[PDB]
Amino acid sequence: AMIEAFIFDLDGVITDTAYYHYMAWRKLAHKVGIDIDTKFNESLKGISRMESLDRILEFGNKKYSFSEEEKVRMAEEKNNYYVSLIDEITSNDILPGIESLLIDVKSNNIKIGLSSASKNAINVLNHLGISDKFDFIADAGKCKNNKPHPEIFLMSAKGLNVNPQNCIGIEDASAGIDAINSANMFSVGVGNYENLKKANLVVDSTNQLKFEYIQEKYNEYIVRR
């Protein structure tokens, strides 16, 4: 019952991008009479670009009032602004304990994957300086279903050519945790316990993501699954 892989989400596990997306979406949203707050945005978190835009427009009952071309234009302006913000990310922005985890996973001959809904995930990993640590990066551009649908996590399992039942999925949002469990994987949640209650394991912060602790908990889950 050995682990075949650790599949990570990007935002809130490898590094923090949620605030940058929010700053970028907030600017475009104001231009259509919609002012999103860090509470509403918490439902745009880990969501793909065009879906995220539709939810923002929805919030103002104008999701169906724009043509997709016009939505394409709006998305572009937002993307350019988001890309400008993340281009200042460095290795110092890697969440605490992640590098050490990435190393230990690799020393235990276990694959590593990233299942992020962002087509900017590659750009971010290169700025962090750890793109070489990832065996497979799911292409959000080919994913047709956002979390909590398990597609993005199944894509990394397919990509790495491993059994999802032997995979560990790490995430900080409830939608992602639902996607991980729906992919029949061991789910590890990072953050608030109440919001991440459906996770198989919940830790407080990325510093709590220790390899031996994750493995001991994984073995427990497998025996009881």
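One-based numbering along the sequence shown.
Mean C-alpha B-factor is higher over 193-201 than over the other stretch, the pair under comparison being 51-59 and 193-201. When the two stretches 10-18 and 211-219 are set side by side, the higher mean Cα temperature factor goes to 211-219. Considering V188, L44, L28, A179 together, the PDB entry gives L44 the largest C-alpha B factor. Per the PDB record, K142 has a higher Cα B-factor than any other of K142, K119, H149, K71. Compared with the other modelled residues of the chain, the Cα B-factor recorded for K78 ranks in the lowest third.
When the modelled residues of the chain are ordered by C-alpha B-factor, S131 sits in the highest third. For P164, the recorded CA B-factor ranks within the middle third of the chain. Only modelled residues enter the ranking. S156 sits in the lowest third of its chain by CA B factor, as recorded in the PDB entry. For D172, the recorded CA temperature factor ranks within the middle third of the chain's modelled residues.
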